[PDB]
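Since every read-out is calculated from the coordinates, none of them should be taken as a lab result. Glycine gets a Cβ as well: all are built from the backbone with ideal geometry, and neighbour counts include every protein chain shown.
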Amino acid sequence: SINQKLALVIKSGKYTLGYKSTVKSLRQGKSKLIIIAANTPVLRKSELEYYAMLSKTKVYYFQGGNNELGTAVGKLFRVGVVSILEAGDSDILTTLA
Amino acid sequence: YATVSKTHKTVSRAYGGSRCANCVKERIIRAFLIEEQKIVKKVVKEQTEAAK
Amino acid sequence: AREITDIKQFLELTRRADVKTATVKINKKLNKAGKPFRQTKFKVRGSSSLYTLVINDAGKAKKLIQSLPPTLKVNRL
Amino acid sequence: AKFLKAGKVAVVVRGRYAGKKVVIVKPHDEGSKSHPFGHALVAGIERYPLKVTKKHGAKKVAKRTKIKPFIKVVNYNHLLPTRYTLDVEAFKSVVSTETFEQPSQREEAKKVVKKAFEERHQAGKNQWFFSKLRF
Amino acid sequence: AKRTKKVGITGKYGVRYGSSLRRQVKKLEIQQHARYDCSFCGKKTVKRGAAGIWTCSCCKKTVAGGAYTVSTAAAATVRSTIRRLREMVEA
Amino acid sequence: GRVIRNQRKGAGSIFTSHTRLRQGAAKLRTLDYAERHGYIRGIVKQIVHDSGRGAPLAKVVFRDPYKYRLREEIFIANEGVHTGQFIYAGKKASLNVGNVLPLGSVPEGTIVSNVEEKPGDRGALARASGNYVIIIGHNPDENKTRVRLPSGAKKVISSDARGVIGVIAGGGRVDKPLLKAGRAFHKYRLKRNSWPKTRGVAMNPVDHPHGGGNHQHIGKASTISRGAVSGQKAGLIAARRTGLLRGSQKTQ
RNA sequence: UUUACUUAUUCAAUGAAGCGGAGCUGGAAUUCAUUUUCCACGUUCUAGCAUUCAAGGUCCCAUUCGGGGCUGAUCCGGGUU
RNA sequence: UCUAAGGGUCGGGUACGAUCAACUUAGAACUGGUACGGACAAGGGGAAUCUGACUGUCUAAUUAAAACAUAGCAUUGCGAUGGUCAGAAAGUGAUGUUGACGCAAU
RNA sequence: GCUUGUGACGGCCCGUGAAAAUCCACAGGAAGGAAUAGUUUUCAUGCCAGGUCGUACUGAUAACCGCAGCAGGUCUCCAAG
RNA sequence: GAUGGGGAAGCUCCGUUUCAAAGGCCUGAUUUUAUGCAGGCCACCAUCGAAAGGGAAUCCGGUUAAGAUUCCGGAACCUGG
Ligand SMILES: [Mg+2]
Ligand SMILES: [Mg+2]
Ligand SMILES: [Mg+2]
Ligand SMILES: [Mg+2]
Ligand SMILES: [Mg+2]
Ligand SMILES: [Mg+2]
Ligand SMILES: [Mg+2]
Ligand SMILES: [Mg+2]
Ligand SMILES: [Mg+2]
Ligand SMILES: [Mg+2]
Ligand SMILES: [Mg+2]
Ligand SMILES: [Mg+2]
Ligand SMILES: [Mg+2]
Ligand SMILES: [Mg+2]
Ligand SMILES: [Mg+2]
Ligand SMILES: [Mg+2]
Ligand SMILES: [Mg+2]
Ligand SMILES: [Mg+2]
Ligand SMILES: [Mg+2]
Ligand SMILES: [Mg+2]
Ligand SMILES: [Mg+2]
Ligand SMILES: [Mg+2]
Ligand SMILES: [Mg+2]
Ligand SMILES: [Mg+2]
Ligand SMILES: [Mg+2]
Ligand SMILES: [Mg+2]
Ligand SMILES: [Mg+2]
Ligand SMILES: [Mg+2]
Ligand SMILES: [Mg+2]
Ligand SMILES: [Mg+2]
Ligand SMILES: [Mg+2]
Ligand SMILES: [Mg+2]
Ligand SMILES: [Mg+2]
Ligand SMILES: [Mg+2]
Ligand SMILES: [Mg+2]
Ligand SMILES: [Mg+2]
Ligand SMILES: [Mg+2]
Ligand SMILES: [Mg+2]
Ligand SMILES: [Mg+2]
Ligand SMILES: [Zn+2]
């Protein structure tokens, strides 16, 4: 599933976590896909969306809170947004997403 | 406050001595996006009307 | 109520239309750690502030006093 | 792309010029012994052209349409890159690193940039850029 | 060291009012002082501030809720009822 | 004898409401052109305790359609509504907790609060913490809507009368024992001067029908007629039955 | 006696603001000659912004700066609802 | 009259030193006409019966109580064109800035 | 250390603990403004004026109320070893 | 607690923004002239009620038989112009 694809990304690719860095990543044309927590406030969501479209980057809307997004990336804190810099051995990039 | 010069009652930004700055960051961002999404909203329903 | 330190600024004060009177006070005081030395405070009374200028150098002191406007009503001590 | 480049319009988001709109004229994507941050060199509009109408005649229009410009070194993280873009060739040379340092160099620059923007504005190229963002 | 065998917070009333009244109060006190999950920012930082008012330490949103608990059974069934009924109208 | 306690209440000298800390009266918007042809948006700005009340109030602000300014309104907050939330009021509004719609626009089964008894009266029914009314049917000809009040009563009102979706916040307030006299003290200190309460059976005859006797006791039936007279109505007024209620109540 | 009416009387509301009747357009709708009708007829991802008789259009004053009409904002009835 | 325990501040390449300033607590000697919380200050205790649960309250000036109150329990009225109450009357008034998780009455 | 002030926090509530005058700020951009010289009194300095009534003392085992220079009653601030 | 009002034989009782045609500011228009009209607003509809609540601004030293943050000396500050 999407989490298992995520979990592959995490253990074989490159990624950054959290608002500020995925904007650095978005500016630098580096992000290959961003994943957005169900409950991040619409304004941030709106902005990451504007940053993404300016950089021709695809967005995924994670069915679930920042609490669970962080468990999906195998981490014990919570994350509101994720940036794939490199699909590792996974295929998240070229599947449904 | 009437006994005291204007620079003691402002900071030199938009909404100076009134709103809090991180508050004005928010206002600006939200304004821009919403004014943009407005053009987005219009062009969709201009398209709905001609594809119906 | 107000202190002053620019010895040019001061001279201008003393000639400011509203400045009728002034006073000069002399204070024994001690230097660094050891010896003493003669301190002098020039006080110019303006309409709403008493401006006072402290000259520690007894030498600038003497010369300054000669520079005092010859119509001003100085109070010595 | 690396979308922060040679002609991007952006909204300033912090500090005095906050909320005003700029063009990037020269990007410093990473580095500077001074400014240790990604930062752009922008020319923006500080005092916008006030609106003008049919009632406005003679030299009231002339007054109404004056533009006060500004130039700024500003950290990337304080700009909202915009989808719009405005051509920057007529004052490429003018907004320089050397332009900052020495006030007199700054004032000269704005003189040019101001003449540039008032040209642009009359016969309304870049229409959006000359109308105040409200918030 | 476990300090009380069963009166918990209700220890403060000593011996007064009858064990069963203290039982009833204990339940709603635990309910009412507890820290809750914020729906909006996802931190557990919603504490009460006078019956029905529930507000978040950071992020600072306030949510009208039950007198002693953020969400009421009744409130919640109603929330889904409304949901169900709403969805009939654009469907 | 003398005027009894329940007659003195009416002149309300020391019996008026303790009103100083109150936030102001809770009311829906005035029923204007907006609310009655379309919808109008506000923002809940603040949800706040009102002394003497159980349910919190929600301060909600709307633009004035006819003048440049903000007009603030005092709602009773429904469970679930929150600061920053957008509130939609009007005929053409949509079925969300917090919005305010005329009962004619909401399907049978809808749950609502603060509903009007006539359109525009700005809200009368189901305001106390936890309460609500259920819509149980419509009669589109002569637009009426049948609802069921907290009390159990059914009543039909105009389909234009308005209501706000959901239940009033603060529920279960009464599940918790007061425990001490003092909490009732502070309870009634912010309401009105009705506490504590001497039993009439502890007063003298001058004072009350129940007063007097060499043992405490009422000495005649304590169920009093409807058509009894001021000074006589103490006890179980117009009581159609009496005694421990046995078995399921529940309006059928 | 029933059940209709509204101007008496009665109750609420609002700084008496958008009522009633028609018309424009969109269209569901099915045409038994062509329309017989019924609905609509600017706002819902976001804790921004919304005011100077409105910009636009158009006609005047005798071209000065200023300023006015109409339109933008359909018509009719003055029953505030 | 002794002993022990409990702290501060400083320089240390990318183990300790130096000093200054506080009554607490415990242990050990000695000592006296066996005294020493030396004045002051400062709970009598126990076992049961009756009775009100408690805290609170009253008869100012013969009754402080087992009386009143109280939380808790139960019953009654009422959806506003209403219930309870006020007023000689009223385009009058209390509850009511209220609405059954409410107000009023036992 | 003692008294008082104050801060950052924490406990409590079916209790969540006034109002108005008044002062400022911001959004707005009507307007009014320069080169042969304009704008500026929220920067400094400078000029004039500020009426009317109370103001002593006691505040208690003698200045108050208890028929009184009554062992009674009568609100409060300061506080050494 | 006045007032348009409504009761009351009446002394008066009710009501306080109430079922009222409820009033004044900013400058422009004057260069007969002193202030008529020209805009646009603002509809807030009395007033009394705190010497402990709110609140513009002063201090030190000296001085009397008896006054003093009030006089004298010095040095400040606020409000209006
Ligand atoms: Mg400042
Ligand atoms: Mg500005
Ligand atoms: Mg009252
Ligand atoms: Mg009482
Ligand atoms: Mg009792
Ligand atoms: Mg009782
Ligand atoms: Mg008795
Ligand atoms: Mg009797
Ligand atoms: Mg009887
Ligand atoms: Mg009896
Ligand atoms: Mg009995
Ligand atoms: Mg109306
Ligand atoms: Mg030691
Ligand atoms: Mg007892
Ligand atoms: Mg007791
Ligand atoms: Mg007695
Ligand atoms: Mg006793
Ligand atoms: Mg006694
Ligand atoms: Mg019992
Ligand atoms: Mg009448
Ligand atoms: Mg004290
Ligand atoms: Mg608080
Ligand atoms: Mg301020
Ligand atoms: Mg004009
Ligand atoms: Mg000044
Ligand atoms: Mg005067
Ligand atoms: Mg005195
Ligand atoms: Mg005496
Ligand atoms: Mg005495
Ligand atoms: Mg009166
Ligand atoms: Mg007064
Ligand atoms: Mg006072
Ligand atoms: Mg005072
Ligand atoms: Mg003195
Ligand atoms: Mg004298
Ligand atoms: Mg004296
Ligand atoms: Mg003096
Ligand atoms: Mg002087
Ligand atoms: Mg002045
Ligand atoms: Zn939160």
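Data for the structure
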| read-out | value |
| --- | --- |
| Qualifying positions in segment A:69-97 - in contact with a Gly (Cβ under 9 Å, 6 or more places away or on another chain) and among the acidic types (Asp, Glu) | A:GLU86, A:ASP89 |
| Any hit, segment A:69-87, residues being under 22 Å from D:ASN77 (Cβ atoms), out of contact with any helix residue (DSSP H, G or I) (no Cβ under 7 Å at 6 or more places or on another chain) and surrounded by fewer than 19 Cβ atoms within 10 Å (Cβ to Cβ) | no |
| Members of segment E:43-66 found to be surrounded by 22 or more Cβ atoms within 10 Å (Cβ to Cβ) and of a type outside the set (A, V, I, L, M, F, W, C), listed by number | E:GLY52, E:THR62, E:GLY65, E:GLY66 |
| Residues within segment E:54-67 that are within 11 Å of the chain's Cα centre (by Cα) and either β-branched (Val, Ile, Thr) or more than 8 Å from every other protein chain (Cβ to nearest Cβ) (or both), tallied | 1 |
| Unique residue being charged (D, E, K, R), surrounded by fewer than 19 Cβ atoms within 10 Å (Cβ to Cβ), at negative phi and away from every other protein chain (no Cβ under 13 Å) when the list is F:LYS27, F:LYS92, F:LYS45 | F:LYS27 |
| Top-ranked residue in segment E:41-53 [being within 9 Å of chain F (Cβ to nearest Cβ) and of a type outside the set (A, V, I, L, M); ranked as farthest from RNA strand I (Cβ to nearest atom)] | E:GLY52 |
| Residue that is more than 14 Å from every other protein chain (Cβ to nearest Cβ), surrounded by fewer than 16 Cβ atoms within 10 Å (Cβ to Cβ) and of a type outside the set (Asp, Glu), where the choices are A:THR16, A:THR94 | A:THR94 |
| Residue in segment F:4-22 that is buried (at least 18 other Cβ atoms within 10 Å of the Cβ), within 30 Å of F:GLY172 (Cβ to Cβ) and within 14 Å of chain E (Cβ to nearest Cβ) present | no |
| In segment F:199-219, residue nearest to F:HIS186 (Cα to Cα) [restricted to those that are part of a loop (DSSP other than H, G, I, E, B) and either in contact with a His (Cβ under 9 Å, 6 or more places away or on another chain) or within 16 Å of RNA strand J (Cβ to nearest atom) (or both)] | F:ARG199 |
| Residues that are within 11 Å of ligand 1 (Cβ to nearest atom) and more than 13 Å from chain D (Cβ to nearest Cβ), drawn from segment B:5-43 | B:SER5, B:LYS6, B:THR7, B:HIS8, B:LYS9, B:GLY17 |
| Hey, E:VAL15 more than 30 Å from F:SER51 (Cβ to Cβ), among the β-branched types (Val, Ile, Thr) and exposed (fewer than 13 other Cβ atoms within 10 Å of the Cβ) or not | yes |
| Per-region count, segment F:171-197, residues of a type in the set (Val, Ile, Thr) and either within 16 Å of ligand 3 (Cβ to nearest atom) or in contact with a helix residue (DSSP H, G or I) (Cβ under 8 Å, 6 or more places away or on another chain) (or both) | 0 |
| Filtered residues of segment F:196-211 (kept if under 22 Å from F:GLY12 (Cα atoms) and near RNA strand H (Cβ under 6 Å from one of its atoms)) | F:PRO196, F:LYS197, F:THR198, F:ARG199, F:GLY200 |
| Which listed residue is in contact (Cβ under 8 Å) with a residue 40 or more places away in the chain and within 14 Å of F:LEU28 (Cα to Cα), from F:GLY170, F:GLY80, F:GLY130, F:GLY163 | F:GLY163 |
| Selection within segment D:1-17 - closer than 17 Å to D:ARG47 by Cα and away from chain A (no Cβ under 14 Å) | D:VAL12, D:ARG14, D:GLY15, D:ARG16, D:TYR17 |
| Residue under evaluation C:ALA58, criteria (1) surrounded by 11 or more Cβ atoms within 10 Å (Cβ to Cβ); (2) in contact with an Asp or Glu (Cβ under 9 Å, 6 or more places away or on another chain), criterion not met | (2) |
| Residue that is farthest from the other protein chains (Cβ to nearest Cβ) [pool: residues in segment A:30-48 that are crowded, with 18+ Cβ neighbours inside 10 Å and of a type in the set (D, E, K, R)] | A:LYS32 |
| Selected residue (only one of F:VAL164, F:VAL174 is of a type outside the set (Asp, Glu), within 14 Å of another protein chain (Cβ to nearest Cβ) and touching a strand residue (DSSP E or B) at 6+ places or on another chain (Cβ under 6 Å)) | F:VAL164 |
| Qualifying residue in segment F:65-79 (condition: more than 12 Å from chain E (Cβ to nearest Cβ), within 21 Å of the chain's Cα centre (by Cα) and more than 16 Å from ligand 11 (Cβ to nearest atom)) | yes |
| Subset tally (residues that are free of Cβ contacts under 8 Å to residues at least 24 places away in the same chain and within 27 Å of the chain's Cα centre (by Cα)) for segment F:228-243 | 7 |
| Index of the failed condition, F:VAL115 passing every other in (1) more than 7 Å from chain E (Cβ to nearest Cβ); (2) free of Cβ contacts under 8 Å to residues at least 60 places away in the same chain; (3) over 21 Å from the mean Cα position of the chain (by Cα) | (3) |
| Test: F:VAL147 is buried (at least 16 other Cβ atoms within 10 Å of the Cβ), within 14 Å of chain E (Cβ to nearest Cβ) and outside any loop (DSSP other than H, G, I, E, B) | no |
| Filter pass, E:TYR13 being touching a residue at least 40 places away in the same chain (Cβ under 8 Å) and either closer than 28 Å to F:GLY182 by Cα or out of contact with any strand residue (DSSP E or B) (no Cβ under 7 Å at 6 or more places or on another chain) (or both) | no |
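Residue-wise test of (1) more than 16 Å from ligand 10 (Cβ to nearest atom); (2) at the interface with another protein chain (Cβ under 9 Å from one of its Cβ atoms); (3) under 11 Å from the mean Cα position of the chain (by Cα).
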residue: E:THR4; (1), (2), (3): yes, no, no
residue: E:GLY11; (1), (2), (3): yes, no, no
residue: E:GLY14; (1), (2), (3): yes, no, no
residue: E:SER19; (1), (2), (3): yes, no, no
residue: E:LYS26; (1), (2), (3): yes, no, no
residue: E:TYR36; (1), (2), (3): yes, no, yes
residue: E:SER39; (1), (2), (3): yes, yes, no
residue: E:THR69; (1), (2), (3): yes, yes, yes
residue: E:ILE82; (1), (2), (3): yes, yes, no
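To keep it simple, each residue is scored yes or no on (1) touching a residue at least 40 places away in the same chain (Cβ under 8 Å); (2) part of a loop (DSSP other than H, G, I, E, B).
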| position | (1), (2) |
| --- | --- |
| C:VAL19 | yes, yes |
| C:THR40 | no, no |
| C:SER47 | no, yes |
| C:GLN66 | no, no |
